[PDB]
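>>> Provide a 3D model corresponding to the input given below.
(chains A, B, C and D)
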Amino acid sequence: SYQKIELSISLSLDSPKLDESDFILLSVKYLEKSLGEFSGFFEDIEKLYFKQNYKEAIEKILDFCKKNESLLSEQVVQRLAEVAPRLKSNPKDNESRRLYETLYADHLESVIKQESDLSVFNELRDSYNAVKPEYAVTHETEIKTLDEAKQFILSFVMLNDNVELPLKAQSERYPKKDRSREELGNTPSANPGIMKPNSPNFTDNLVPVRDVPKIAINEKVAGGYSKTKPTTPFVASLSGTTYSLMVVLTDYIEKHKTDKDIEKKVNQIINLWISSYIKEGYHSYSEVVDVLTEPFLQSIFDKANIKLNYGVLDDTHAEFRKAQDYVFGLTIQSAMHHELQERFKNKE
Amino acid sequence: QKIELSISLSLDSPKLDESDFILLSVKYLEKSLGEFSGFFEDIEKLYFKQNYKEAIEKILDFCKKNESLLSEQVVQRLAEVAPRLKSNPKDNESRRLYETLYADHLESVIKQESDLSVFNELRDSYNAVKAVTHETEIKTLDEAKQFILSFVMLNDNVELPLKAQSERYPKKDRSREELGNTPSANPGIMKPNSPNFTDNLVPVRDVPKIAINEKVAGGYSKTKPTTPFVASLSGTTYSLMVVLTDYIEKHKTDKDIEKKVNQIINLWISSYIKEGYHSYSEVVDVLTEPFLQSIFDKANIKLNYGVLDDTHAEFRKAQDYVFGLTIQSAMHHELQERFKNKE
Amino acid sequence: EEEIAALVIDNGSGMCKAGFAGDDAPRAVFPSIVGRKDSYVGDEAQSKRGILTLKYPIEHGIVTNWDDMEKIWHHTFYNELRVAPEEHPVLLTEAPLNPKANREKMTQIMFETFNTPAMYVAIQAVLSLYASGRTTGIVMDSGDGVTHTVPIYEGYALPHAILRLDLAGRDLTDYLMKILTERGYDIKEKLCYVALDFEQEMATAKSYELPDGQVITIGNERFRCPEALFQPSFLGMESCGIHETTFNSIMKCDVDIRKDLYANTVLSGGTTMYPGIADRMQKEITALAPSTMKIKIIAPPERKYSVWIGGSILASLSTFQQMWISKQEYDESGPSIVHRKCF
Amino acid sequence: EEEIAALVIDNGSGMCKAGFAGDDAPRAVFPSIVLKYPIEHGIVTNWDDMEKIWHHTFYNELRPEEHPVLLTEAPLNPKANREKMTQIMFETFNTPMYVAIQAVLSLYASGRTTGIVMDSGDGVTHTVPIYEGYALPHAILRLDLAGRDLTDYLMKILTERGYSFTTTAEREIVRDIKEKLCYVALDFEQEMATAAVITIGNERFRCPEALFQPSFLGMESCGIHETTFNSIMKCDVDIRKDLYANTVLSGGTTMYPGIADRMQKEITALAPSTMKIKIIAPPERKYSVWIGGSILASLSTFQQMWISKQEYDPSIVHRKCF
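Numbers count the residues shown, from 1 in each chain, chains lettered A, B, ... in the order given. Please find the structure below.
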């Protein structure tokens, strides 16, 4: 009966690890199903999930719920209304976001895979080799596939703190990373963006047993990023090596501002960096995005008139839905997690 | 409500005779009603007498008067099957059951009495006409009977005068056809087939097949059809009377002769029935003749013809007989139609 | 609604055939083995023959140990049919010439041990004819332990003609062992056939294999195998064959009924499943009989489970309602009601 | 209306256990041979024959259309051996399903949802770590050694003490002895020096020592003692305390008396000198998986973790189930 899918959320909305994110994801399903013209709302709230504006959208959702309380029920609005005021997020336990983002990257890749001319990356080489020649890349005359484009683009770690330092200093934000200097180690795991190794994955979303790092959040750095931006899934820092993409790119912007397609070609790169870095576990959308979105690093784009779409796809639906499903189950099986941690306590 | 319909399912029998109506109908009443002890005892007395036509009247009239305590299925269905009931001396199987059960119940009454000394005296009244070859004094009944079953030694040649006194002995139906031998279950109930309780089954014995010559005018099976078999008009009873009259002549003003002779006659009657030779209604009918009554009138003796007061026991087991006899016929019918509704 | 459904269990010498009423198939057939959980019944035991001493409760068709037979019933009702019997009425099947005890042992069991709501015992050979849709005839039941030739008339058997042979399926298989091992080579009984004239056939004197051992040609032993039934001499039993057992049987009857019998010869059992027994029983019986009579030999194909079919067709009868034994009856008349009601 | 029951089936390598939900008793336990076994070292290999175990299961033993069905699966089952479980039941059997990890079911039986469980059956002995009631892929470890093999071992060992159990019925005798008399010994070596169906043998402590050391058999794998530790150290240092203190023995081959005290010792010495080691053995370990599932099927909330027939309208097995 359907009233077991409704109770299920009445019961999934009562877990002690529910946060701001999971609410938006479960509610929509709840609205999408309690109802069955309201197409825009699941896109308006969606756009906001990719931007981490869970704050306003929770409320708009709970404004639609009341306005359309007619086609919904007293119970859904009651419950939904009780849970919202009491909401916070923890990077460590914000894991639905992580699935979304892990799945989003693979989505931004086909896109880039559908973006044919990969010559854009090849030309970028001539700019790296002039930034750190001592560490010059000397590879395929042509980067033909994104896997080739990706590995090299991930090779900017060769550009040391030395050629990037002029840039890292002026940021006010970078001095505020909160990655502790305690080398906690490596832990083996089943999915990369969802670094949590004990996360309930779907067997479909399972990758090989790769060894992921454990990173700690130094809560005491005054101004920790995690403190200022808690929605961002796991962040102990801000993307340092992004400062390096910029060197290779500052030299490129100025050499190919002459070309008229640079607007496209710069987003092809920035988007790829954003995707591969989220898939491979190195960072989070926002860790990378907040750096390039800096007063000093945006000037370069302004001078040559480039408008960046920092990897923002407006068809993020499949990813949304897939996550709505995550929480659904995660929440039920972790609420009985204590039904049998209470029935058992009735044997002793 | 399950019991009423059953008797309504038993009343469709193609083969129900008269003796079968009484038993089930009383059984219908024994449950529907449940102060009526006077009726049921009076149905047994008539049933023993084979006076069913009078009984049926009483049964059809007992329903009108007490129709209020019954159902309307009972009260119609009897007066619907009663006028079409004809007896058949061949297929009367319930009747035979009743009397085989009384033959065991009347000999026990004489096994309950201790003086089997009447019998010894008779041998001395037997030896005057034609020991009985026996040297063990008559002590038990299994020798008193055997010596009385031995009266068959007094053959036609020594009973024939009395045969020429009867006007009913000429009218006899047994056919001269030698039909042979049947391994029966019981002897009164000779037939190969009769459901028989494990209560009444006994060692396999071979019993004769009897044929009625129905051509005879006025034959016994014809005049009185209630009596089964071919009705056993007993000619061997005439040889008894030879000894009985002679016993009355030698031992005469015996204070206890009327007691002593009823012992001889009943046991004779109950030995002949149990062993299959003849049926009650006919041992009795030979003796009812006026010249055979006379002899007992010459000494002032009144013949208690094997009649017992407490025959409820035997009555009920015939209800359980006809009930199972009738119902199994009904399922049998069903099968026939349904299977012939398969072809 | 949902008047409760009956359960029918043919307790045979070799296997137990159980099912529910108004069905066309036995739900569960399993060996009658109790090996000894405190016991193992059924095919399971057959699997653990190692540490268990298997015993067969029903021997030669009749129940010898009641201690293990109760367990073929818990198993049947409870674990192969998964029904509590308290709820469902239970017919049982019985063998010809069943003593009285066993009929009173059952009643005690299922109304006391199993607290059933209704019971009923019936000769397995009657039910077999009930499948053929006949009420009068001769049924040659041939199980795995005992083969009988029981005459049934108007719904009832004639205990005097029930004839028995201690020759059976177990035996033929066992005899075959001698001969197979006599060719220098579980079994392929599904290739054996009964010849019309064994002697001609032996004057003509096909391919069977499993992975282990070898491909084997079924020898001339194929017809010899069922020829044991016809000539039990192969088993050195002078007991007469099935052709004869049947004729002799027919003649222990009144000569009025026989014609019917010669025309209603049902063959029952799996030992009769051999192809060609049909033409043989005939050729042979015709020889021993009045050429005028009709010899019809009737072998239906549902014969292996014929006993069951008739039983279902019997408990699946509206008119069977009355026949069953209500628990109170037992609670009143004791187990003796078996005879008073199950005739 | 009545609350129709759900059904719980643990399709096993050697034996199948079906019964009915809630019941403290599984109704049926029956060898899976169809003579060919469908399930292999824990993973169904011939599916077609298993469709048959199912007919028997649903019908002949238990007497699907109106009963929901929860088949059990294994850790790290190839997942396409999952969709198919979904497909047969919904389609062939038109069931009105949820597939679960046996191990998860055992811990669940324990009354707890986090620990590491050792499950020795006949096909495979798995050591699975469960946290938050979730099977952990990066730590699941297995051994293709288990009870069936141990029976075989008892055969060889006696084969040389002179008794001979060659036949098929005879093989069952061997299983019978392993099941009971033989035991796990606390100090093998002392006990193979005190050395110096009931025809008696001193191969009572050696048969289950094969679980601890598979060398007898000739297998190059570590004892269940270590498949456990190893698996543990592939778990976050943080959760180890618990796993150590929540170790449950389960499966039928753990019915050998005394595996407990040993599991404690061997691990204890291998373990951090400071952690907390606790082994929890239920006496009902033989059937602990099932019981585990009954509870669940009878949990009010699990009722929506199932899969609707319309929800089915086979890749929902990954996304609505675990």
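>>> show me where the stretch 1-150 of chain C has strands.
C:7-11, C:15-20, C:28-31, C:34-35, C:40-41, C:58-59, C:62-63, C:90-94, C:118-123, C:137-141, C:147-153 (DSSP state E, counting those that start in this stretch).
>>> Give the next helix or strand downstream of the longest one.
If you walk from strand C:147-153 toward the C-terminus, the next helix or strand you reach (DSSP states H and E) is strand C:156-157.
>>> so what does that following strand touch, helix or strand wise?
Judged by 3 or more Cβ pairs under 8 Å, 6 or more residues apart in numbering or on different chains; DSSP states H and E, strand C:156-157 is in contact with helix C:124-132. Placement of C-beta: from N, CA and C, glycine included.
>>> Contacts made by the helix it packs on with the rest, please.
Applying Cβ atoms under 8 Å, 6 or more residues apart in numbering or on different chains, the external contacts of helix C:124-132 come out as B:335, C:10, C:12, C:61, C:93-96, C:135, C:137, C:139, C:141, C:148, C:150, C:152, C:155-157, C:264, C:266, C:268, C:298, C:300, C:302-303, C:306-311, C:313-314.
>>> Buried residues, stretch C:113-130. List them.
Under the neighbour-count criterion of 16 or more other Cβ atoms under 10 Å in any protein chain shown, stretch C:113-130 has C:114, C:116-130 buried.
>>> oh sorry, the question was meant for stretch C:294-301
Quick answer for stretch C:294-301 (16+ other Cβ under 10 Å): C:295, C:297-299.
>>> Count residues in the vicinity of residue C:343, would you?
By other Cβ atoms under 10 Å in any protein chain shown, 19 other residues sit near residue C:343.
>>> hang on, it packs against residue B:199?
No - the pair residue C:343 / residue B:199 is not scored as a contact, 10.8 Å apart, by Cβ atoms under 8 Å.
>>> Overlap in contacts, the two.
Counting by Cβ under 8 Å, 6+ apart, nothing touches both residue C:343 and residue B:199.
>>> how deep is the residue of chain C found nearest chain A tucked in, by neighbour count?
At 26.1 Å from chain A, residue C:2 is the closest residue in chain C, using Cβ to the nearest Cβ. For residue C:2, the number of neighbouring residues by other Cβ under 10 Å comes to 4.
>>> Show me what residue of the stretch 51-200 of chain C gets nearest to chain D.
Counting by Cβ to the nearest Cβ, the stretch 51-200 of chain C gets nearest chain D through residue C:82, at 4.4 Å.
>>> For that residue, which non-adjacent residue is spatially closest?
Setting aside the residues directly before and after it, residue C:82 is nearest to residue D:63 in space (Cβ to Cβ, 6 or more residues apart in numbering or on different chains), at 4.4 Å.
>>> tell me which residues in stretch C:79-94 are buried?
Quick answer for stretch C:79-94 (16+ other Cβ under 10 Å): C:79-83, C:85, C:88-94.
>>> So which of those is the closest to residue B:5?
Nearest to residue B:5 among the buried residues of stretch C:79-94, counting by Cβ to Cβ, is residue C:89 at 18.1 Å.
>>> Just read off the phi/psi values of that closest one.
phi -60, psi 130 (degrees, to the nearest 10).
>>> Look at the residue in the stretch 101-250 of chain A that chain C sits nearest to and say how many residues are nearby.
Residue of the stretch 101-250 of chain A nearest chain C, by Cβ to the nearest Cβ: residue A:203 (36.3 Å). Residue A:203: 20 surrounding residues under other Cβ under 10 Å.
>>> quick one, what contacts it?
Neighbours of residue A:203 in contact, by Cβ under 8 Å, 6+ apart: D:79, D:82, D:318.
>>> For chain A, which residues are neighbours of chain D?
Residues of chain A lying near chain D by Cβ under 8 Å from any Cβ of the partner chain: A:4-5, A:7-8, A:11, A:187-190, A:197-198, A:200-204, A:206, A:209, A:214, A:322, A:325, A:328-329, A:332-341, A:343-345, A:347.
>>> Mind checking which of those residues are buried?
A:4-5, A:7-8, A:11, A:187-190, A:197-198, A:200-203, A:214, A:322, A:325, A:328-329, A:332-337, A:339-340, A:344.
>>> Which ones among those residues map onto strands?
Judged by DSSP state E, those include A:187-189, A:214 as members of strands.
>>> Which one of the residues in chain A is closest to chain D?
residue A:344 (2.2 Å).
>>> quick one: the residue nearest to that residue when sequence neighbours are not counted from chain B, how far?
Nearest non-adjacent residue to residue A:344, counting by Cβ to Cβ, 6+ apart: residue D:111, 2.2 Å away. Between residue D:111 and chain B the computed distance is 54 Å (Cβ to the nearest Cβ, to the nearest Å).
>>> Residue A:206 contacts residue A:194, correct?
No - with contact defined as Cβ under 8 Å, residue A:206 does not reach residue A:194; the gap is 10.7 Å.
>>> List of residues touching stretch C:299-312?
Contacts for stretch C:299-312 (Cβ under 8 Å, 6+ apart): C:8, C:10, C:17, C:19-26, C:29, C:91, C:93, C:122, C:124-132, C:141, C:266-270, C:272-273, C:277-278.
>>> I'd like to know which of the residues you listed are buried.
Looks like the contacts of stretch C:299-312 have C:8, C:10, C:17, C:19-21, C:23, C:26, C:29, C:91, C:93, C:122, C:124-132, C:141, C:266-270, C:272-273, C:277-278 buried, using 16+ other Cβ under 10 Å.
>>> List the contacts of the residue nearest the centre of chain C.
Closest residue to the average C-alpha location of chain C: residue C:143 at 4.1 Å, with Cα atoms, centre = their mean. Contact analysis of residue C:143 by Cβ under 8 Å, 6+ apart lists C:12-14, C:61, C:168-169, C:269-271.
>>> Most neighbours out of these, which is it?
residue C:271 (27 neighbours).
>>> Wait, a helix at it?
Yes - membership of residue C:271 in a helix is supported by DSSP: H, G, I helix; E, B strand; the rest coil.
>>> Please look at it and residue C:170 and confirm they touch.
No - using Cβ under 8 Å, residue C:271 is not in contact with residue C:170, being 9.6 Å away.
>>> Show me the common contact partners of the two, please.
With Cβ under 8 Å, 6+ apart as the test, residue C:271 and residue C:170 both reach residue C:144.
>>> Now whatever residue of the stretch 201-348 of chain A ends up closest to chain B: closest residue in space, sequence neighbours ignored.
Per Cβ to the nearest Cβ, residue A:343 is where the stretch 201-348 of chain A lies closest to chain B, at 49.9 Å. Distances taken as Cβ to Cβ, 6+ apart place residue D:111 nearest to residue A:343, at 6.5 Å, with adjacent residues excluded.
>>> Please apply the same query to residue A:333.
residue D:133 (6.0 Å).
>>> So what touches stretch C:320-330?
So stretch C:320-330 is contacted by B:2, B:5-6, B:9, B:324, B:327-328, B:331, C:89, C:107, C:111, C:115-120, C:314, C:337-338, C:341-342 (Cβ under 8 Å, 6+ apart).
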